[PDB]
Every structure is written in C-alpha cells, then in structure tokens.
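Written out below as structure tokens is the structure these notes cover.
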Amino acid sequence: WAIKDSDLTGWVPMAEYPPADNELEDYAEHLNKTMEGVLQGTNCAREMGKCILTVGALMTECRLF
Amino acid sequence: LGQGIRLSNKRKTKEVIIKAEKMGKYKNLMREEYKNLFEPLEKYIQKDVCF
C-alpha cells in the first residue's frame, strides 16, 4: 500500500531549486525534479508528511504548554 | 544545398553536424523559420540537391 501512488500529489514540503549552470546543476536539478516527482505521489510520502507535521506540532506544544 | 545546419544545446558543449541530405530527417527540430522555408521545397528536393 505504501508503494503505490496516492491520489494526492505530494505531502512533503520541499524548498525551491537553486539557479543552474549548464554542466552539473542541470543534471542535479533534473534528477531531483524526477525523483521528487515520483516519490511525492506515494502513500509513503503521505505518512512521512503527517509524521513531520504532527510530531512538529507536538514538539511546539511541549514548549508552549 | 550547402554545408548544412548544426545542432547545439544551451550547454554549448555538444554540437551535432548535419549533412544537406539529412535535413528531412530532423524536420521540425530546426527553428520555425527554417521549417517554413524548408517545407515547400520538399516537393522539388532530391537526396543531396534541389531541382
């Protein structure tokens, strides 16, 4: 179940891509775009996202109250 | 026809030379101006030469 792609696109906040020069950053940026595009749609990314967001919420709640 | 056209990337690293014979292989890969000038001449075109 975690292997197949969920209907929602991606669960994991990922920052923007840096500026690119022809040689490497084209290769690196492309590989990251493809791999991110594949792994964001999966349900495994769903459980990752909920873990990050909610455990972060608890982490704030332990200092808050 | 002439020397032909050259292919390049935005990388300015790899270039691909084309013969005048093989233009009709790459077809639309050329810029739209090249395509607009090229397509009608395919009628009278031969392998290396234009009649």
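Every chain in the structure tokens takes a letter, A first, then B, and so on in the order presented; its residues are numbered from 1, and the ligands are numbered from 1 following the presented order.
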
(Q) Would you pick out the contacts of residue 13 (chain A) at 12 Å or less, using only C-alpha atoms, so that residues sharing its chain but fewer than 4 positions from it are not included, and give the list as an MDAnalysis selection string? (A) chainID A and resid 9 36 40 45:46 48:50 52:53

Please write the residues from the selection above to a file, keeping N, CA, C and O atoms, as an mmCIF file, in the first residue's frame.
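In the end it all went to out_33.cif:
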data_model
loop_
_atom_site.group_PDB
_atom_site.id
_atom_site.type_symbol
_atom_site.label_atom_id
_atom_site.label_comp_id
_atom_site.auth_asym_id
_atom_site.auth_seq_id
_atom_site.Cartn_x
_atom_site.Cartn_y
_atom_site.Cartn_z
ATOM 1 N N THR A 9 -1.045 14.750 -4.578
ATOM 2 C CA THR A 9 0.197 14.867 -5.340
ATOM 3 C C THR A 9 1.444 14.743 -4.475
ATOM 4 O O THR A 9 2.330 13.939 -4.778
ATOM 5 N N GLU A 36 11.931 13.509 -6.947
ATOM 6 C CA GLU A 36 10.905 14.162 -6.141
ATOM 7 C C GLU A 36 9.520 13.948 -6.737
ATOM 8 O O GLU A 36 8.567 13.634 -6.016
ATOM 9 N N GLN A 40 6.870 11.943 -4.361
ATOM 10 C CA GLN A 40 5.882 12.770 -3.676
ATOM 11 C C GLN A 40 4.487 12.159 -3.757
ATOM 12 O O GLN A 40 3.703 12.279 -2.809
ATOM 13 N N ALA A 45 5.172 8.808 1.166
ATOM 14 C CA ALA A 45 5.315 10.247 1.360
ATOM 15 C C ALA A 45 4.183 10.814 2.203
ATOM 16 O O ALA A 45 4.385 11.792 2.930
ATOM 17 N N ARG A 46 2.988 10.220 2.123
ATOM 18 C CA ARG A 46 1.879 10.680 2.954
ATOM 19 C C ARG A 46 2.193 10.481 4.429
ATOM 20 O O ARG A 46 2.089 11.420 5.233
ATOM 21 N N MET A 48 5.100 10.038 5.784
ATOM 22 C CA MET A 48 6.202 10.942 6.105
ATOM 23 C C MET A 48 5.686 12.340 6.429
ATOM 24 O O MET A 48 6.053 12.932 7.452
ATOM 25 N N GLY A 49 4.819 12.876 5.569
ATOM 26 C CA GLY A 49 4.329 14.229 5.766
ATOM 27 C C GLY A 49 3.545 14.384 7.054
ATOM 28 O O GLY A 49 3.768 15.323 7.823
ATOM 29 N N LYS A 50 2.617 13.456 7.313
ATOM 30 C CA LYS A 50 1.850 13.540 8.551
ATOM 31 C C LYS A 50 2.760 13.419 9.768
ATOM 32 O O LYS A 50 2.572 14.128 10.764
ATOM 33 N N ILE A 52 5.961 14.362 10.009
ATOM 34 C CA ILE A 52 6.692 15.617 10.169
ATOM 35 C C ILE A 52 5.786 16.691 10.758
ATOM 36 O O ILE A 52 6.121 17.332 11.762
ATOM 37 N N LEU A 53 4.611 16.886 10.155
ATOM 38 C CA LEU A 53 3.747 17.991 10.561
ATOM 39 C C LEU A 53 3.225 17.803 11.983
ATOM 40 O O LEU A 53 3.294 18.725 12.807
#

Give me the residues of chain B that have any atom at most 9 Å from an atom of chain A; for each, the nearest atom pair and the distance in Å, rounded to one decimal. Use only C-alpha atoms, sort by chain and number, and format it as a tab-separated table.
residue	atom	partner	partner_atom	distance
B:10	CA	A:22	CA	7.0
B:11	CA	A:22	CA	4.9
B:12	CA	A:22	CA	8.4
B:13	CA	A:23	CA	8.7

Q: Can you check which residues of region 1-57 of chain A DSSP gives as helix (DSSP H, G or I) on the backbone and send them as a PyMOL selection string?
A: chain A and resi 25-40+43-57

Keeping only N, CA and C atoms, write the selected residues to a file as a compact mmCIF listing (two decimals), in the first residue's frame.
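Heads up, here's the output in again.txt:
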# COMPACT_ATOMS: atom_id res chain seq x y z
N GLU A 25 24.52 21.39 -12.42
CA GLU A 25 23.22 21.75 -11.87
C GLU A 25 22.06 21.42 -12.80
N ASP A 26 22.30 21.31 -14.10
CA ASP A 26 21.28 20.77 -14.99
C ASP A 26 21.01 19.30 -14.66
N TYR A 27 22.07 18.50 -14.56
CA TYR A 27 21.93 17.10 -14.19
C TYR A 27 21.32 16.95 -12.81
N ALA A 28 21.89 17.65 -11.82
CA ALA A 28 21.40 17.53 -10.45
C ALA A 28 19.95 17.98 -10.34
N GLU A 29 19.65 19.18 -10.85
CA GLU A 29 18.29 19.70 -10.79
C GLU A 29 17.30 18.77 -11.48
N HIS A 30 17.67 18.22 -12.63
CA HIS A 30 16.77 17.31 -13.34
C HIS A 30 16.53 16.04 -12.53
N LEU A 31 17.60 15.44 -12.01
CA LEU A 31 17.46 14.21 -11.24
C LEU A 31 16.59 14.43 -10.01
N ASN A 32 16.76 15.57 -9.34
CA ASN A 32 15.94 15.88 -8.18
C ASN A 32 14.49 16.12 -8.56
N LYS A 33 14.25 16.80 -9.69
CA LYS A 33 12.88 17.01 -10.15
C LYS A 33 12.18 15.69 -10.43
N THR A 34 12.88 14.77 -11.10
CA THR A 34 12.26 13.48 -11.43
C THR A 34 12.02 12.64 -10.18
N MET A 35 13.05 12.47 -9.35
CA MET A 35 12.91 11.63 -8.17
C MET A 35 11.86 12.20 -7.21
N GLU A 36 11.93 13.51 -6.95
CA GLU A 36 10.90 14.16 -6.14
C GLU A 36 9.52 13.95 -6.74
N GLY A 37 9.39 14.11 -8.06
CA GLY A 37 8.10 13.92 -8.69
C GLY A 37 7.55 12.52 -8.51
N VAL A 38 8.42 11.52 -8.53
CA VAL A 38 7.97 10.14 -8.33
C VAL A 38 7.58 9.91 -6.88
N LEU A 39 8.45 10.29 -5.94
CA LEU A 39 8.26 9.92 -4.54
C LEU A 39 7.24 10.78 -3.82
N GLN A 40 6.87 11.94 -4.36
CA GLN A 40 5.88 12.77 -3.68
C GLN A 40 4.49 12.16 -3.76
N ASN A 43 2.04 6.95 -1.14
CA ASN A 43 1.46 6.98 0.19
C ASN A 43 2.53 7.00 1.27
N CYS A 44 3.70 6.43 0.98
CA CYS A 44 4.81 6.52 1.93
C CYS A 44 5.14 7.98 2.21
N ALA A 45 5.17 8.81 1.17
CA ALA A 45 5.32 10.25 1.36
C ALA A 45 4.18 10.81 2.20
N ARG A 46 2.99 10.22 2.12
CA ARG A 46 1.88 10.68 2.95
C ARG A 46 2.19 10.48 4.43
N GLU A 47 2.60 9.27 4.80
CA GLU A 47 2.92 9.01 6.20
C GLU A 47 4.11 9.84 6.66
N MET A 48 5.10 10.04 5.78
CA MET A 48 6.20 10.94 6.11
C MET A 48 5.69 12.34 6.43
N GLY A 49 4.82 12.88 5.57
CA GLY A 49 4.33 14.23 5.77
C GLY A 49 3.54 14.38 7.05
N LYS A 50 2.62 13.46 7.31
CA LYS A 50 1.85 13.54 8.55
C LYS A 50 2.76 13.42 9.77
N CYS A 51 3.78 12.55 9.70
CA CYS A 51 4.71 12.43 10.82
C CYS A 51 5.43 13.75 11.07
N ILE A 52 5.96 14.36 10.01
CA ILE A 52 6.69 15.62 10.17
C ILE A 52 5.79 16.69 10.76
N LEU A 53 4.61 16.89 10.15
CA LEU A 53 3.75 17.99 10.56
C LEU A 53 3.22 17.80 11.98
N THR A 54 2.71 16.61 12.30
CA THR A 54 2.10 16.42 13.61
C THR A 54 3.14 16.31 14.72
N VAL A 55 4.22 15.56 14.49
CA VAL A 55 5.25 15.47 15.53
C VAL A 55 5.92 16.83 15.73
N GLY A 56 5.99 17.64 14.68
CA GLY A 56 6.41 19.02 14.87
C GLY A 56 5.43 19.81 15.70
N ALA A 57 4.13 19.58 15.49
CA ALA A 57 3.11 20.25 16.29
C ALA A 57 3.25 19.90 17.77

**Q.** Spatial neighbours of region 31-44 of chain B, 12 Å, only C-alpha atoms, chain gap at least 2 places, as number ranges by chain
**A.** B: 1, 4-7, 20-21, 23-29, 46-51

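For the pair CA of residue 42 (chain A) and CA of residue 6 (chain A), the interatomic distance is 5.3 Å.
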
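CA of residue 17 (chain A) is found 18.9 Å from CA of residue 41 (chain A).
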
Q: Apply DSSP to the backbone of this structure and, from chain B, keep only the residues in strand (DSSP E); write these as a list in words.
A: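 In chain B, DSSP puts these residues in strand (DSSP E): residues 6, 7, 8, 15, 16 and 17 of chain B.
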
For the residues selected in the previous step, produce a file with N, CA and C atoms as a short mmCIF file (atom, residue, chain, number, x, y, z; two decimals), in the first residue's frame.
data_model
loop_
_atom_site.label_atom_id
_atom_site.label_comp_id
_atom_site.auth_asym_id
_atom_site.auth_seq_id
_atom_site.Cartn_x
_atom_site.Cartn_y
_atom_site.Cartn_z
N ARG B 6 23.73 23.05 -37.92
CA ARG B 6 24.35 22.47 -36.74
C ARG B 6 23.40 22.52 -35.55
N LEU B 7 23.45 21.47 -34.73
CA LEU B 7 22.66 21.36 -33.52
C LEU B 7 23.53 21.67 -32.31
N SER B 8 22.94 22.35 -31.32
CA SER B 8 23.62 22.65 -30.08
C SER B 8 22.61 22.60 -28.94
N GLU B 15 27.81 19.57 -30.05
CA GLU B 15 27.28 20.04 -31.32
C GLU B 15 27.13 18.86 -32.27
N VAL B 16 26.05 18.84 -33.04
CA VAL B 16 25.78 17.76 -33.98
C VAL B 16 25.68 18.35 -35.38
N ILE B 17 26.63 18.00 -36.23
CA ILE B 17 26.65 18.47 -37.62
C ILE B 17 25.66 17.64 -38.43
#
